[PDB]
Amino acid sequence: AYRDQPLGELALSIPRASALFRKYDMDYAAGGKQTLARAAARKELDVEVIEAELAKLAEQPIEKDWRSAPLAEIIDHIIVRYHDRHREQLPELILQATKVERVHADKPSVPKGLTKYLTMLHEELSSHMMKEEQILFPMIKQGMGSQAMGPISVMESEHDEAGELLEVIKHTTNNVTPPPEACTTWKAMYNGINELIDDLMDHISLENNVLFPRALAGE
Ligand SMILES: [Fe+3]
Ligand SMILES: [Fe+3]
Ligand SMILES: [O]
């Protein structure tokens with residue numbers, strides 16, 4: 001039956017199901033409405049195995065269920081858990097990528113263009129998060145969420161733009177897998193990239209699958 005539920009609900013309801021979908025490159029963040037059945041079919045995956053993996057994870061409940069939490073507490077959580085972290089993590093990654101592309105400019109496995117793409121992500125995320133905090137989030141706190149179809153659609157479009165950059169970043173880095181040649185700086189940067197991708201998809205998932213639809217519905 002898990003195959004008939006949307007990816008978003010499985011990610012928000014089952015602990016560490018988010019990490020499972022990232023293992024299968026399944027987009028529970030922007031494509032959260034997509035059922036697990038239609039997602040496993042797209043990628044030619046054996047859905048029955050995914051269902052058993054979720055069944056094991058589903059033995060335990062999730063630490064915090066945001067699906068029914070107050071919108072104000074979701075917003076405040078997003079700001080300190082995701083927005084503020086992104087502002088610290090991306091400048092750090094940009095400088096690491098700059099150091100790696102130079103130090104290992106001669107290796108074949110070096111991720112050329114990574115610094116360019118991290119910079120693009122940082123600029124778009126920065127402007128994006130400012131708009132949410134200065135325009136959309138206050139609108140929702142004042143109870144005007146039902147009148148926010150316009151702004152939310154613009155934010156969800158930007159969420160898609162950010163998703164495309166993530167895919168470019170994953171390709172440039174062999175799905176964020178360092179080569180055997182990788183030094184310590186090189187390996188720690190990829191660990192930071194994976195941490196960014198994980199947070200950003202949970203960040204977008206929480207907005208697209210909970211905050212936005214519930215605001216539009218008048219909660
Ligand atoms: Fe956000
Ligand atoms: Fe956002
Ligand atoms: O965001």
Side-chain angles (χ1 to χ4, degrees), residues 7-8 11 16-32 34 36 38-45 50 78 81-132 154-209:
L7 292 175
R16 303 311 301 166
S18 61
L20 185 65
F21 296 147
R22 285 185 293 262
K23 191 186 76 184
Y24 294 116
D25 194 3
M26 287 190 278
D27 185 14
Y28 66 98
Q34 167 187 37
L36 172 54
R38 196 164 186 274
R42 282 283 298 169
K43 311 190 92 91
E44 298 180 332
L45 303 161
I50 299 166
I78 290 165
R81 174 56 180 86
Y82 296 118
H83 285 203
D84 292 341
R85 294 213 188 176
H86 297 337
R87 286 179 188 108
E88 286 275 340
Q89 283 165 4
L90 262 171
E92 176 175 3
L93 287 164
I94 289 173
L95 294 176
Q96 289 175 308
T98 298
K99 183 178 185 61
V100 165
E101 285 192 61
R102 175 183 57 91
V103 168
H104 305 273
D106 50 332
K107 273 71 167 193
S109 44
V110 71
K112 281 188 190 306
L114 180 59
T115 305
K116 169 180 138 170
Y117 295 132
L118 288 170
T119 300
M120 294 173 55
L121 183 66
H122 181 229
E123 292 183 18
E124 284 173 23
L125 252 188
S126 291
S127 57
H128 170 76
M129 296 184 297
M130 202 184 69
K131 297 169 187 174
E132 280 182 353
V154 172
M155 298 296 100
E156 290 189 348
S157 294
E158 293 183 356
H159 288 167
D160 294 334
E161 300 165 17
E164 277 84 60
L165 274 171
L166 288 185
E167 291 295 330
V168 175
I169 285 162
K170 287 194 290 209
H171 182 248
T172 311
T173 61
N174 191 28
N175 196 30
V176 198
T177 304
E181 306 167 319
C183 66
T184 72
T185 291
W186 195 340
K187 281 173 171 168
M189 173 177 73
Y190 278 25
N191 292 334
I193 291 176
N194 276 317
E195 173 173 17
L196 175 65
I197 296 164
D198 291 7
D199 283 0
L200 193 47
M201 292 193 71
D202 290 351
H203 173 195
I204 292 176
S205 175
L206 190 56
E207 294 181 351
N208 280 11
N209 298 316

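Heavy atoms only: backbone and side chains are in, while hydrogens, waters and symmetry mates are out. Throughout, numbering of the chain's residues begins at 1 and tracks the sequence.
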For the residue pair [X] and [Y], what are the closest heavy atoms and their distance?
X      : Y      : value
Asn209 : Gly8   : ND2-CA, 3.7 Å
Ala40  : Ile50  : CB-CD1, 4.4 Å
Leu165 : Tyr117 : CD2-O, 4.2 Å
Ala30  : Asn208 : CA-ND2, 3.7 Å
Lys170 : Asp25  : NZ-OD1, 3.6 Å
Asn194 : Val176 : ND2-CG1, 3.2 Å

Residues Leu7, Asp27; criterion side-chain contact (heavy atoms from CB on, under 4.5 Å); working and verdict: CA-CA 8 Å; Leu7 292 175; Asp27 185 14; 5.8 Å; no

For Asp202 and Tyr28, does a side-chain donor sit closer than 3.5 Å to a side-chain acceptor?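 Yes - a donor-acceptor pair under 3.5 Å links their side chains.
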
Side-chain donor-acceptor pair under 3.5 Å between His171 and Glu167, yes or no?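 The answer is no; no qualifying pair exists.
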
At what distance, to the nearest 0.5 angstrom, does [atom1] of [X] lie from [atom2] of [Y]?
X      : Y      : atom1 : atom2 : result
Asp199 : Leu206 : CG    : CG    : 12.0 Å
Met129 : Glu132 : CE    : CD    : 8.5 Å
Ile204 : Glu158 : CD1   : CD    : 10.5 Å
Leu93  : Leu196 : CG    : CG    : 6.0 Å
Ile197 : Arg22  : CD1   : CZ    : 9.5 Å
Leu200 : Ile193 : CG    : CD1   : 12.5 Å

Apply the test side-chain contact (heavy atoms from CB on, under 4.5 Å) to residues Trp186 and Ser109: give CA-CA distance (whole Å), side-chain angles for both, the deciding distance (0.1 Å), then the verdict. CA-CA 11 Å; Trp186 195 340; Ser109 44; 3.7 Å; yes

Got more than 12 heavy atoms from elsewhere within 6.0 Å of [atom1], [X]?
X      : atom1 : value
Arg87  : CZ    : yes
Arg16  : CZ    : no
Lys107 : NZ    : yes

Should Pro178 and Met189 count as side-chain neighbours, where that means a heavy-atom distance under 4.5 Å?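 Result no, sub-4.5 Å side-chain heavy-atom pair not found.
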
If you define the side chain from C-beta out and look only at heavy atoms, does anything of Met155 sit under 4.5 Å from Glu207?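 Answer no - side chains too far apart.
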
Donor-acceptor pair, side chain of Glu101 and main chain of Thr115, under 3.5 angstrom: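 Side chain of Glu101 to backbone of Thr115: a pair is present.
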
Assess whether side-chain contact (heavy atoms from CB on, under 4.5 Å) is satisfied between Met26 and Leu36, documenting all intermediate values. CA-CA 9 Å; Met26 287 190 278; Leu36 172 54; 3.9 Å; yes

For the ring pair (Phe, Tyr, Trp, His ring centres under 6.0 Å) test, which of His122, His83, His159 pairs with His128?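 Going through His122, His83, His159 one by one, the ring pair (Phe, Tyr, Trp, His ring centres under 6.0 Å) with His128 is satisfied by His159 alone.
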
Could you go step by step and tell me if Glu195 and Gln89 meet the side-chain contact (heavy atoms from CB on, under 4.5 Å) rule? CA-CA 9 Å; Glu195 173 173 17; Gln89 283 165 4; 3.5 Å; yes

